[PDB]
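Undergrad: Following this line is query.csv, made up of CSV, C-alpha atoms:
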```
chain,number,residue,atom,x,y,z
A,1,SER,CA,-11.6,26.4,-16.5
A,2,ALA,CA,-12.7,28.6,-13.6
A,3,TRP,CA,-11.7,25.7,-11.4
A,4,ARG,CA,-8.5,26.0,-9.5
A,5,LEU,CA,-8.3,22.6,-7.9
A,6,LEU,CA,-6.2,21.4,-5.1
A,7,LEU,CA,-4.8,17.9,-5.4
A,8,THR,CA,-3.8,15.8,-2.4
A,9,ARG,CA,-2.6,12.5,-3.7
A,10,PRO,CA,1.1,11.2,-4.0
A,11,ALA,CA,3.8,13.3,-5.7
A,12,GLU,CA,4.0,11.4,-9.0
A,13,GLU,CA,0.4,10.6,-9.1
A,14,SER,CA,-0.8,14.2,-9.0
A,15,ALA,CA,2.1,15.4,-11.1
A,16,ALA,CA,0.5,13.3,-13.9
A,17,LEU,CA,-3.0,14.3,-12.9
A,18,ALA,CA,-1.8,17.9,-12.9
A,19,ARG,CA,-0.7,17.3,-16.5
A,20,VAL,CA,-3.9,15.8,-17.9
A,21,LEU,CA,-5.7,18.5,-16.1
A,22,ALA,CA,-3.4,21.3,-17.4
A,23,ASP,CA,-3.7,20.3,-21.0
A,24,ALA,CA,-7.5,20.4,-20.4
A,25,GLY,CA,-7.6,24.0,-19.5
A,26,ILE,CA,-7.8,23.7,-15.7
A,27,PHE,CA,-5.2,24.9,-13.2
A,28,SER,CA,-4.2,23.0,-10.1
A,29,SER,CA,-1.7,23.0,-7.3
A,30,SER,CA,-0.4,19.8,-5.7
A,31,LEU,CA,0.0,19.4,-2.0
A,32,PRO,CA,0.8,15.6,-1.5
A,33,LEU,CA,-0.9,14.1,1.6
A,34,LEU,CA,-0.1,10.4,0.9
A,35,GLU,CA,3.2,8.7,0.1
A,36,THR,CA,3.8,5.0,-0.6
A,37,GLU,CA,6.6,3.5,1.6
A,38,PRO,CA,7.9,-0.1,1.0
A,39,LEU,CA,8.1,-2.4,3.9
A,40,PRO,CA,10.9,-4.8,5.1
A,41,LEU,CA,9.3,-8.3,5.4
A,42,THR,CA,11.7,-11.4,5.4
A,43,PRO,CA,11.1,-12.8,9.0
A,44,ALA,CA,8.0,-14.9,8.2
A,45,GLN,CA,6.7,-12.9,5.2
A,46,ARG,CA,9.6,-14.3,3.2
A,47,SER,CA,8.5,-17.9,3.8
A,48,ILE,CA,4.9,-17.0,3.0
A,49,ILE,CA,6.2,-16.0,-0.4
A,50,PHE,CA,7.9,-19.4,-0.9
A,51,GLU,CA,4.7,-21.2,0.2
A,52,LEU,CA,2.2,-19.2,-2.0
A,53,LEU,CA,0.9,-22.5,-3.2
A,54,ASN,CA,-0.6,-22.9,0.3
A,55,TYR,CA,-3.4,-20.7,-1.1
A,56,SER,CA,-5.9,-21.4,-3.8
A,57,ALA,CA,-5.9,-17.8,-4.9
A,58,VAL,CA,-3.9,-14.6,-4.6
A,59,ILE,CA,-5.7,-11.2,-4.7
A,60,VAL,CA,-3.7,-7.9,-5.2
A,61,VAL,CA,-5.5,-4.7,-4.4
A,62,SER,CA,-3.3,-1.8,-5.4
A,63,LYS,CA,-0.6,-1.0,-8.0
A,64,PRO,CA,1.8,-0.4,-5.2
A,65,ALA,CA,1.0,-4.0,-3.9
A,66,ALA,CA,1.3,-5.5,-7.4
A,67,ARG,CA,4.7,-3.9,-7.9
A,68,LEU,CA,6.1,-4.9,-4.5
A,69,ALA,CA,4.7,-8.3,-5.1
A,70,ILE,CA,6.5,-9.0,-8.4
A,71,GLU,CA,9.7,-8.0,-6.7
A,72,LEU,CA,9.3,-10.6,-4.0
A,73,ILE,CA,8.2,-13.4,-6.3
A,74,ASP,CA,11.1,-12.8,-8.7
A,75,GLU,CA,13.5,-13.0,-5.9
A,76,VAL,CA,12.4,-16.4,-4.5
A,77,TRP,CA,10.6,-18.1,-7.5
A,78,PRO,CA,12.9,-19.0,-10.3
A,79,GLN,CA,9.7,-18.8,-12.3
A,80,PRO,CA,6.2,-17.3,-11.8
A,81,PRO,CA,3.7,-19.3,-9.7
A,82,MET,CA,1.1,-21.5,-11.5
A,83,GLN,CA,-1.8,-20.3,-9.5
A,84,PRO,CA,-4.9,-18.0,-10.0
A,85,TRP,CA,-4.2,-14.4,-9.3
A,86,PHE,CA,-6.8,-11.6,-9.3
A,87,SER,CA,-7.2,-7.8,-9.2
A,88,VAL,CA,-10.0,-5.3,-9.0
A,89,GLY,CA,-8.9,-3.2,-11.9
A,90,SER,CA,-7.2,-3.9,-15.2
A,91,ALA,CA,-4.6,-1.4,-14.3
A,92,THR,CA,-3.1,-3.5,-11.6
A,93,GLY,CA,-4.0,-6.6,-13.5
A,94,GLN,CA,-1.8,-5.9,-16.4
A,95,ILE,CA,1.1,-5.3,-14.1
A,96,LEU,CA,0.8,-8.8,-12.8
A,97,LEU,CA,0.0,-10.2,-16.3
A,98,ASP,CA,3.2,-8.6,-17.7
A,99,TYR,CA,5.4,-10.6,-15.3
A,100,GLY,CA,3.7,-13.8,-16.4
A,101,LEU,CA,1.2,-14.4,-13.6
A,102,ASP,CA,-2.0,-16.1,-14.4
A,103,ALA,CA,-4.0,-13.0,-13.4
A,104,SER,CA,-7.6,-12.0,-14.3
A,105,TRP,CA,-10.0,-9.3,-13.2
A,106,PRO,CA,-13.7,-8.3,-13.7
A,107,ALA,CA,-17.8,-7.8,-8.4
A,108,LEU,CA,-14.5,-9.7,-8.0
A,109,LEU,CA,-16.4,-12.0,-5.7
A,110,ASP,CA,-18.6,-13.1,-8.6
A,111,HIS,CA,-15.7,-13.7,-11.0
A,112,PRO,CA,-16.1,-17.4,-12.1
A,113,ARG,CA,-12.4,-17.9,-12.4
A,114,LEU,CA,-12.2,-16.9,-8.7
A,115,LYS,CA,-15.2,-19.0,-7.6
A,116,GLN,CA,-13.5,-22.1,-9.0
A,117,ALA,CA,-10.3,-21.6,-7.1
A,118,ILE,CA,-12.5,-21.0,-4.0
A,119,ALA,CA,-14.9,-23.8,-4.7
A,120,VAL,CA,-13.5,-26.4,-2.3
A,121,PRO,CA,-13.8,-26.6,1.5
A,122,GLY,CA,-10.7,-25.5,3.3
A,123,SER,CA,-9.4,-23.3,0.6
A,124,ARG,CA,-7.7,-20.0,1.6
A,125,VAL,CA,-6.9,-16.8,-0.3
A,126,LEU,CA,-3.9,-14.4,0.2
A,127,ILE,CA,-4.5,-10.7,-0.1
A,128,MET,CA,-1.5,-8.5,-0.8
A,129,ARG,CA,-2.0,-4.9,0.1
A,130,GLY,CA,-1.1,-2.0,2.4
A,131,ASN,CA,-0.6,-1.8,6.1
A,132,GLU,CA,-4.3,-1.4,6.3
A,133,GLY,CA,-7.3,-1.3,3.9
A,134,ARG,CA,-10.9,-2.1,3.1
A,135,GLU,CA,-12.1,-5.2,4.9
A,136,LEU,CA,-15.1,-5.7,2.7
A,137,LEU,CA,-13.5,-8.3,0.4
A,138,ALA,CA,-12.0,-10.4,3.2
A,139,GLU,CA,-15.3,-10.3,5.1
A,140,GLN,CA,-17.2,-11.3,2.1
A,141,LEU,CA,-14.8,-14.2,1.5
A,142,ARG,CA,-14.8,-15.4,5.2
A,143,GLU,CA,-18.6,-15.2,5.2
A,144,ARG,CA,-18.8,-17.8,2.5
A,145,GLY,CA,-16.3,-20.0,4.3
A,146,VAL,CA,-13.1,-19.0,2.6
A,147,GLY,CA,-10.1,-18.3,4.8
A,148,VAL,CA,-8.2,-15.0,4.1
A,149,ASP,CA,-4.8,-13.8,5.2
A,150,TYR,CA,-3.0,-10.6,4.5
A,151,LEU,CA,0.5,-9.8,3.3
A,152,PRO,CA,1.2,-6.1,3.9
A,153,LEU,CA,3.7,-5.0,1.3
A,154,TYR,CA,3.9,-1.3,2.3
A,155,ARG,CA,2.7,1.5,4.4
A,156,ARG,CA,1.2,5.0,3.8
A,157,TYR,CA,2.1,8.2,5.6
A,158,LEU,CA,1.6,12.0,5.6
A,159,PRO,CA,4.5,13.8,4.0
A,160,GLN,CA,6.2,16.3,6.3
A,161,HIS,CA,4.4,19.7,5.8
A,162,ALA,CA,4.8,23.0,7.6
A,163,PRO,CA,1.7,23.8,9.8
A,164,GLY,CA,-1.0,25.8,8.1
A,165,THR,CA,0.4,25.3,4.6
A,166,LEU,CA,-3.0,24.0,3.6
A,167,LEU,CA,-5.0,27.1,4.2
A,168,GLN,CA,-2.2,29.4,2.9
A,169,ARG,CA,-1.9,27.1,-0.1
A,170,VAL,CA,-5.6,27.5,-0.9
A,171,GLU,CA,-5.5,31.3,-0.5
A,172,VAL,CA,-2.3,32.3,-2.4
A,173,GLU,CA,-3.2,29.8,-5.2
A,174,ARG,CA,-6.8,30.9,-5.2
A,175,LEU,CA,-8.1,27.3,-5.2
A,176,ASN,CA,-11.9,27.0,-5.2
A,177,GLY,CA,-12.0,23.2,-5.2
A,178,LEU,CA,-10.6,20.3,-3.3
A,179,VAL,CA,-9.7,16.8,-4.4
A,180,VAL,CA,-8.9,13.7,-2.4
A,181,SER,CA,-8.2,10.2,-3.8
A,182,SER,CA,-8.7,8.0,-0.8
A,183,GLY,CA,-10.3,7.9,2.6
A,184,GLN,CA,-7.1,8.1,4.5
A,185,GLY,CA,-6.6,10.9,2.0
A,186,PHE,CA,-9.6,12.8,3.3
A,187,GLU,CA,-8.1,12.1,6.7
A,188,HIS,CA,-4.7,13.9,6.5
A,189,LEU,CA,-6.7,16.8,5.0
A,190,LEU,CA,-9.1,17.5,7.8
A,191,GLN,CA,-5.9,17.1,9.8
A,192,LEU,CA,-3.7,19.7,8.0
A,193,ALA,CA,-6.9,21.8,7.7
A,194,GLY,CA,-6.7,22.0,11.5
A,195,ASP,CA,-8.9,24.7,12.9
A,196,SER,CA,-9.2,26.2,9.4
A,197,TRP,CA,-11.7,23.4,8.4
A,198,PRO,CA,-14.9,25.3,9.3
A,199,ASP,CA,-14.3,27.5,6.2
A,200,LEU,CA,-12.7,25.1,3.8
A,201,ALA,CA,-15.6,22.8,4.5
A,202,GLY,CA,-17.8,24.9,2.2
A,203,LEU,CA,-15.6,24.4,-0.9
A,204,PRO,CA,-16.4,21.8,-3.5
A,205,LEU,CA,-14.9,18.5,-2.3
A,206,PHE,CA,-14.3,15.8,-4.9
A,207,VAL,CA,-14.3,12.4,-3.3
A,208,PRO,CA,-13.5,9.1,-5.1
A,209,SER,CA,-16.4,7.1,-3.7
A,210,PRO,CA,-19.6,7.0,-1.6
A,211,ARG,CA,-17.5,5.5,1.2
A,212,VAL,CA,-15.3,8.5,1.1
A,213,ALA,CA,-18.3,10.8,0.6
A,214,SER,CA,-19.7,9.5,3.9
A,215,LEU,CA,-16.5,10.2,5.8
A,216,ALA,CA,-16.6,13.8,4.6
A,217,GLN,CA,-20.3,14.4,5.4
A,218,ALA,CA,-19.6,13.2,8.9
A,219,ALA,CA,-16.8,15.7,9.1
A,220,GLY,CA,-19.1,18.6,8.0
A,221,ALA,CA,-18.2,19.1,4.4
A,222,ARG,CA,-21.2,20.8,2.9
A,223,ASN,CA,-20.5,20.3,-0.8
A,224,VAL,CA,-19.4,16.7,-1.5
A,225,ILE,CA,-19.0,15.7,-5.1
A,226,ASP,CA,-18.9,12.0,-5.7
A,227,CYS,CA,-16.8,10.9,-8.7
A,228,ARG,CA,-16.9,7.3,-9.9
A,229,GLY,CA,-13.3,6.4,-8.9
A,230,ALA,CA,-10.0,8.3,-8.7
A,231,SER,CA,-9.1,8.3,-12.5
A,232,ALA,CA,-8.5,11.6,-14.2
A,233,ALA,CA,-11.6,11.1,-16.4
A,234,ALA,CA,-14.1,10.4,-13.6
A,235,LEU,CA,-12.9,13.8,-12.3
A,236,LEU,CA,-13.3,15.8,-15.5
A,237,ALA,CA,-16.7,14.2,-15.9
A,238,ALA,CA,-17.5,15.5,-12.4
A,239,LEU,CA,-16.2,19.0,-13.0
A,240,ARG,CA,-18.3,19.2,-16.3
A,241,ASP,CA,-21.2,18.0,-14.2
A,242,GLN,CA,-20.8,20.7,-11.6
A,243,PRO,CA,-22.4,24.2,-11.7
A,244,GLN,CA,-20.1,27.3,-12.1
A,245,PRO,CA,-17.7,27.6,-9.1
A,246,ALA,CA,-19.3,30.0,-6.5
A,247,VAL,CA,-17.1,32.8,-5.4
A,248,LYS,CA,-15.4,32.1,-2.0
A,249,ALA,CA,-17.6,33.0,0.9
A,250,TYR,CA,-15.0,33.2,3.8
```
What does this structure look like when you write it as structure tokens?
TA:
Amino acid sequence: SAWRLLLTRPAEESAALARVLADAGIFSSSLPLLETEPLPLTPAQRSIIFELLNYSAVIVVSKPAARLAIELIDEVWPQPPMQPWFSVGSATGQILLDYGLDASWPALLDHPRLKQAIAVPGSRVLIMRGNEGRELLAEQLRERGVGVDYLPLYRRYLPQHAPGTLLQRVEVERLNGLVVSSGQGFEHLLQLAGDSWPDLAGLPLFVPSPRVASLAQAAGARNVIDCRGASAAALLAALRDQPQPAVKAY
């Protein structure tokens, strides 16, 4: 309740987060650092869509990917593909499941369903995601002799913000906590922070994962709060878990 959080994720995403937070007795102000921009892909990425059967399995990593994916399938396939599709979370999984894809979800790597589609020599998997992402899954797959290709369905950028609007936003709004939802989210913060970072660095920083926690520690953040994921809950659980907000120092 004494937490005046700053939210850095996409417009609609925080707007909702802002809501569940509001009706929970916590103020927040949103300054979007990421935006999801669809990509134009028909040159060869249109043919890859038609030959999806070339792969033994299709993995979709984000909701943005799942949604842009459905829109491509529906355009070329008079019906949904009869092939194994997977996701990390049920959130993205239902999206695919609704359009009639044979999707399943939990490590994903240990999912039996997935092992079977991979359990041949020469089998490949197609991963639909952003312009860039975590390489862990692909590297784990390749290590076990499974080929992996990518189909970038979109890109992420830093909304156009007036310089210094990060510090002045934290001041005028009296924010005593910072939240990021991705790693490239923590980047684009330390950016806008600019030369102001040496003081913001002392504020509680709520990161989605250890991976992100480590990018922040490297940057000098002194109070990194690891939440289990970027869902509203995992955040509230983290706030409740955190001592009373220490009055600003700078």
Undergrad: Compare A:88, A:20, A:31, A:148 by their minimum atom-to-atom distance to residue A:160, counting all atoms listed in the file, and give me the closest one.
TA: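 Among the listed residues, the smallest separation from residue A:160 belongs to A:31.
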Undergrad: So how far away is atom CA of residue A:244 from atom CA of residue A:204, in Å?
TA: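 Rounded to one decimal, the two atoms are 10.9 Å apart.
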Undergrad: Restricting the calculation to only C-alpha atoms, which member of A:208, A:67, A:128, A:21 is positioned closest to residue A:45?
TA: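 Answer, going by the shortest atom-to-atom distance: A:128.
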Undergrad: At a cut-off of 10 Å, using all atoms listed in the file, what residues contact residue A:68? Leave out same-chain residues fewer than 2 positions from it and give the result as a VMD selection string.
TA: chain A and resid 38 to 39 62 to 66 70 to 73 128 to 129 152 to 154
Undergrad: Could you turn the residues from that selection into a file that holds C-alpha atoms, as a PDB file, in the frame of the given file?
TA:
```pdb
ATOM      1  CA  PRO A  38       7.900  -0.100   1.000  1.00  0.00           C
ATOM      2  CA  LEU A  39       8.100  -2.400   3.900  1.00  0.00           C
ATOM      3  CA  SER A  62      -3.300  -1.800  -5.400  1.00  0.00           C
ATOM      4  CA  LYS A  63      -0.600  -1.000  -8.000  1.00  0.00           C
ATOM      5  CA  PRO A  64       1.800  -0.400  -5.200  1.00  0.00           C
ATOM      6  CA  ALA A  65       1.000  -4.000  -3.900  1.00  0.00           C
ATOM      7  CA  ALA A  66       1.300  -5.500  -7.400  1.00  0.00           C
ATOM      8  CA  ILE A  70       6.500  -9.000  -8.400  1.00  0.00           C
ATOM      9  CA  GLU A  71       9.700  -8.000  -6.700  1.00  0.00           C
ATOM     10  CA  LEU A  72       9.300 -10.600  -4.000  1.00  0.00           C
ATOM     11  CA  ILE A  73       8.200 -13.400  -6.300  1.00  0.00           C
ATOM     12  CA  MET A 128      -1.500  -8.500  -0.800  1.00  0.00           C
ATOM     13  CA  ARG A 129      -2.000  -4.900   0.100  1.00  0.00           C
ATOM     14  CA  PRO A 152       1.200  -6.100   3.900  1.00  0.00           C
ATOM     15  CA  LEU A 153       3.700  -5.000   1.300  1.00  0.00           C
ATOM     16  CA  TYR A 154       3.900  -1.300   2.300  1.00  0.00           C
TER      17      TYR A 154
END
```
Undergrad: Return the single residue from A:34, A:246, A:101, A:57 that is closest to residue A:159, with distances computed using all atoms listed in the file.
TA: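 Result for the nearest residue to residue A:159: A:34.
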Undergrad: Please determine, counting all atoms listed in the file, which residue among A:86, A:32, A:239, A:247 has the shortest atom-to-atom distance to residue A:158.
TA: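 Looking only at the distances to residue A:158, the closest residue turns out to be A:32.
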Undergrad: Can you pull out the residues contacting residue A:199? Cut-off 9 Å, using only C-alpha atoms, and skip same-chain residues under 4 positions away; I want them as a list in words.
TA: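 Once the nearby chain positions are removed, what remains is residues 203, 249 and 250 of chain A.
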Undergrad: So that I can check the surroundings of residue A:210, please list as a list in words every protein, DNA and RNA residue that reaches within 10 Å of it, counting all atoms listed in the file and ignoring chain neighbours fewer than 4 positions away.
TA: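 In the requested format, the answer is residues 214, 215, 216, 224, 225, 226, 227, 228 and 229 of chain A.
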